[PDB]
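In: experimental coordinates follow, after the sequence.
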Amino acid sequence: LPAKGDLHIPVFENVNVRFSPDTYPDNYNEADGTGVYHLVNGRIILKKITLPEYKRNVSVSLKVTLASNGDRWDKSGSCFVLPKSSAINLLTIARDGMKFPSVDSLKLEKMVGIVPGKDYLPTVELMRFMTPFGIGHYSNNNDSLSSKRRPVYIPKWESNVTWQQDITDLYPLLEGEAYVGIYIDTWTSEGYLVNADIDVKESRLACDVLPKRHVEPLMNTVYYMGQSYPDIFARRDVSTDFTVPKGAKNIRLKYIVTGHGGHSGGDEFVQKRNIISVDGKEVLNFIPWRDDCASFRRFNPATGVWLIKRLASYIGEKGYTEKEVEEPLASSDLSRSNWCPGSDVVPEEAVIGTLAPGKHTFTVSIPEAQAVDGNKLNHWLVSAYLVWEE
Amino acid sequence: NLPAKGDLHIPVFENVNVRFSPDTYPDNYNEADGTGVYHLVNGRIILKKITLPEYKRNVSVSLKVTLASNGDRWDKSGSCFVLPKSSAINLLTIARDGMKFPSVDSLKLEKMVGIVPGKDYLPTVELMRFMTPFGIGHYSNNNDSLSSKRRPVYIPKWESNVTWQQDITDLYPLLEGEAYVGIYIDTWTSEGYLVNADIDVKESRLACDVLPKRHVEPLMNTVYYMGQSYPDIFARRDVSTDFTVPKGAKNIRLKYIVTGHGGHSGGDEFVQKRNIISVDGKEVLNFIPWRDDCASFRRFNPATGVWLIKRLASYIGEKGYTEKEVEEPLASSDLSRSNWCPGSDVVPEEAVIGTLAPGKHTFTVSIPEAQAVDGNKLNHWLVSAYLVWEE
Ligand SMILES: [Cl-]
Ligand SMILES: [Cl-]
Ligand SMILES: [Cl-]
Ligand SMILES: [Cl-]
Ligand SMILES: [Cl-]
Ligand SMILES: [Cl-]
């Protein structure tokens, strides 16, 4: 098998992801001079990549560097790829007037685009991320503003955040021509600055043949374009049917979930079990949760802060002593439903192996999820797909 | 068509107590137990004989260490290591067979025995340098009413243990056939620590992916394992060693493992000191070993000391954005240090050398502003290095 060499793709360089109708007036706006499409008024950036026709096996990684350009919030992000066999996609919708297929309101309410339908497979996420609170733009380490915000145990603010993930399994969606993009739920004109690279390592072996891989998009509740907050789980489970062909080998489920609702007692800050199933049998069951958000403090200069009273032990003049202090607690410190401001989300994974050829059902259940209530925006960002060899 | 030897799981240490207990281990050498584990230096060093097959297919090798405190409250230095191949003198033969580190030219190495190669001796090679957190496990109980006095409002719970993992594929040559792998912790308590160590080997599933012939060249190790003193030598002179490179050596890479020490106010543990490392007089590495993120390890450090530091902090009060003088706790585990944090391992710095003329070459390590040992101010630098290459 012939080599086509490694490949470094700088998908995005210092691109401003933002909300600006004055700059990007429509949902579709022609690619700029750098080949970057700005959709949904700047909230989505998209780019056509071209990979060689690899005959050898490869590995693929995604690297994303991000900073705030003035936006002060920890907003949801998603680096994604538009699936192959789907005439309807984010681009064709915005550009060519395509629409997410109509849904049965009894089973999916008004939740368009979240599961497959006629001429539609859900967008597939290469990486889910959560921006920190104002990194870079508000990361001033000069004594002036720092002493007031920066805790004594944090020597300096980082100027940006970088995430890296192996996306080798999604290779079938990158092969040939593919549209890769980044969405950030930003509503400020300032927005964010992002870089994104896709690197491909080609095997140095003349015998290591590229396996025939497949990706099956099952679900994606991320509200990219004309979609609403996904609280449907507060009222019903969400299911989709899918087809497994003969010969499918080593089937694996990938499940990317984060919970949301930034108000007190909202699903962002409260434990809710996710039960995922195939053909009615549980294959994943867990509480999406992180107890380690303090570890991201340095990435979160613009976070809100409270004072919490605590009787704290300490070393004083006369030895081991005790005193009530008012200790700062950052919003960025709080435990959350599978993320911290400044983290990415590594997909949970279940090994299925083989399934009977034909139709199967995929179900996601978050039975105790809270509904949207006024300005309380509880919801669950869930995306999932199957990968397998043919 | 190269044969499949399979994946290998070697549980080197299970729940082994690294400790200082003359009562239990009265000598420097103590006969191995039924689990084949030798306890040396009165329990501060555990050693085990492992054997890797002579793999023909290419592989990847990983080391996983899990650790907890069994009572020791300190953030002590540790080193998981392998006794090099072509070296009659090693930690085991020194302790057991009454061998000794070769004598050294005092004008060049003072009393620093065992840190560079000598007659019948290559330095011990580190699979992983690590630094224990403050009392993890033994002091990690979370539903103790006297725990909220130690645990900050932003740390929901103490971790009960710490787990480090690293890819040690490049050290495969030191592991093939029979080898002694061990763990050293600078502990002076009977309680000590509890550790697990797993070495796992993943074999390629391709009949055509051949294992490359590889070599490890041990250059230095200043870690004070056995009858060795604190390495503050850098405060007075640079340390060099010569080494031989054979014809045909391809893709030479230097690995460099450094941590700075001296845990008093102003000591080399808490102060930035540039490291200049050279091959044949030319610099190949030059940087300040340093970590600014030690606060990120807070949840692993339940027995850390704590100070109150006054700070005018902004915050959301019961009437909007406000401002007030607080006494914010600062843990020792939060402080920036010379390439480590209590609870962290150290990933070796690497330098691509490429090729070197066959014959003698010189490796030199300089930390020019390192401070000397001064009474109970125990400044020193734990440095180890080795080259790797395919032949
Ligand atoms: Cl803002
Ligand atoms: Cl409805
Ligand atoms: Cl300043
Ligand atoms: Cl102790
Ligand atoms: Cl001397
Ligand atoms: Cl201390």
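Out: Here it is on my side, so go on. Residues are numbered from 1 along each chain as shown, chains lettered A, B, ... in the order given. Ligands and ions are numbered 1, 2, ... in the order given.
In: need the residues of the stretch 101-250 of chain A near chain B, please.
Out: Taking Cβ under 8 Å from any Cβ of the partner chain as the contact definition, the stretch 101-250 of chain A meets chain B at A:147-149, A:151-156, A:205-208. Placement of C-beta: from N, CA and C, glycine included.
In: which among the residues you listed gets closest to residue A:43?
Out: Nearest to residue A:43 among these, counting by Cβ to Cβ, is residue A:149 at 27.9 Å.
In: so what's the residue count around the closest one?
Out: Using other Cβ atoms under 10 Å in any protein chain shown, residue A:149 is surrounded by 20 other residues.
In: show me where the stretch 51-200 of chain A has strands.
Out: Secondary structure of the stretch 51-200 of chain A (DSSP state E, counting those that start in this stretch): strands at A:58-68, A:76-81, A:124-130, A:161-166, A:177-184, A:192-202.
In: so of the residues of the stretch 101-250 of chain A next to chain B, which ones are in helices?
Out: With DSSP state H as the criterion, helices contain A:147-149 from among these.
In: with adjacent residues omitted, what lies nearest to the residue in the stretch 51-200 of chain A that chain B sits nearest to?
Out: Per Cβ to the nearest Cβ, the residue of the stretch 51-200 of chain A with the smallest distance to chain B is residue A:153, at 3.7 Å. Using Cβ to Cβ, 6 or more residues apart in numbering or on different chains and skipping the chain neighbours, the partner closest in space to residue A:153 is residue B:334 (3.7 Å).
In: just checking, residue A:81 touches residue A:175?
Out: No - here residue A:81 does not reach residue A:175: they are 10.7 Å apart, not a contact under Cβ atoms under 8 Å.
In: ok, those two, which is more surrounded?
Out: More crowded of residue A:81 and residue A:175, by other Cβ under 10 Å: residue A:81, with 24 against 16.
In: gap between the more buried one and ligand 5?
Out: 64 Å (Cβ to the ion, to the nearest Å).
In: repeat that for residue A:113.
Out: From residue A:113 across to ligand 5, the span is 75 Å (Cβ to the ion).
In: ok, now which ones touch that residue?
Out: A:100, A:120, A:122-123, A:220, A:224-225, A:227 (Cβ atoms under 8 Å, 6 or more residues apart in numbering or on different chains).
In: try 7 Å this time
Out: Going by Cβ atoms under 7 Å, 6 or more residues apart in numbering or on different chains, residue A:113 touches A:100, A:122, A:227.
In: the first one contacts residue A:112, doesn't it?
Out: Yep, that's residue A:100 we're talking about. Yes - using Cβ atoms under 7 Å, residue A:100 is in contact with residue A:112, at 4.0 Å.
In: so what's in contact with those two at the same time?
Out: Both residue A:100 and residue A:112 lack any common contact, where contact means Cβ under 7 Å, 6+ apart.
In: of the contacts of residue A:113, buried ones?
Out: Among those, those classed as buried by 16 or more other Cβ atoms under 10 Å in any protein chain shown are A:100, A:122, A:227.
In: possible to save those residues as a markdown table with distance to ligand 5?
Out: As requested, the buried ones among the contacts of residue A:113 are exported to a markdown table (distance: Cβ to the ion, whole Å):
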| residue | distance to ligand 5 |
| --- | --- |
| A:100 | 79 |
| A:122 | 71 |
| A:227 | 74 |
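In: so where do the helices sit in chain A?
Out: Using DSSP H, the helices of chain A run over A:90-96, A:105-108, A:143-149, A:171-174.
In: show me what from the stretch 251-390 of chain A comes close to ligand 2.
Out: The stretch 251-390 of chain A has no residues near ligand 2, with proximity defined as Cβ under 5 Å from the ion.
In: report the closest residue of the stretch 251-390 of chain A relative to ligand 6.
Out: Of all residues in the stretch 251-390 of chain A, residue A:315 sits closest to ligand 6, at 7.7 Å by Cβ to the ion.
In: pick the one among the contacts of residue A:113 closest to ligand 3.
Out: Nearest to ligand 3, judged by Cβ to the ion, of the contacts of residue A:113 is residue A:227 at 45.6 Å.
In: wait, the closest one touches residue A:112, no?
Out: Yes - in this structure, residue A:227 is within contact of residue A:112 by Cβ under 7 Å, at 6.0 Å.
In: and stretch A:161-180, how far apart are its ends?
Out: 20 Å (Cα to Cα, to the nearest Å).
In: count of neighbours near residue A:167?
Out: By other Cβ under 10 Å, neighbour count at residue A:167 equals 21.
In: that should have said residue A:311, apologies.
Out: For residue A:311, the neighbour count with other Cβ under 10 Å is 11.
In: show me what contacts it?
Out: With contacts defined as Cβ under 7 Å, 6+ apart, the neighbours of residue A:311 are A:322, A:324, B:149.
In: could you break chain A into its assigned domains?
Out: Domains of chain A are assigned by curated CATH domains as A:1-211, A:212-390.
In: pull the CA atoms of stretch A:264-279 into PDB?
Out: In PDB, the C-alpha atoms belonging to stretch A:264-279 read as follows (Å, rounded to 0.1, in the frame of the first residue of the first chain):
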ATOM      1  CA  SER A 264     -29.500  27.500  41.700                       C
ATOM      2  CA  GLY A 265     -30.800  23.900  41.800                       C
ATOM      3  CA  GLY A 266     -30.700  23.800  38.000                       C
ATOM      4  CA  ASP A 267     -29.400  20.600  36.100                       C
ATOM      5  CA  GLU A 268     -26.000  22.200  35.700                       C
ATOM      6  CA  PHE A 269     -25.400  21.900  39.500                       C
ATOM      7  CA  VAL A 270     -27.500  18.800  40.300                       C
ATOM      8  CA  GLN A 271     -26.900  15.000  39.800                       C
ATOM      9  CA  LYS A 272     -29.200  13.300  37.300                       C
ATOM     10  CA  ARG A 273     -28.700   9.700  36.200                       C
ATOM     11  CA  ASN A 274     -28.500   9.000  32.500                       C
ATOM     12  CA  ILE A 275     -29.800   5.600  31.300                       C
ATOM     13  CA  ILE A 276     -28.900   4.700  27.700                       C
ATOM     14  CA  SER A 277     -30.200   1.600  26.000                       C
ATOM     15  CA  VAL A 278     -30.200  -0.500  22.800                       C
ATOM     16  CA  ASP A 279     -33.200  -2.600  22.100                       C
END
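In: in that stretch, which residues are buried?
Out: Using 16+ other Cβ under 10 Å as the test for burial, stretch A:264-279 gives A:266-270, A:272, A:274, A:276-278.
In: now do the contacts for residue A:20.
Out: If you count contacts by Cβ under 7 Å, 6+ apart, then residue A:20 has A:41-42, A:189 around it.
In: just the closest of those to ligand 3, please.
Out: Distances from ligand 3 to those, taken as Cβ to the ion, are shortest for residue A:189 (29.9 Å).
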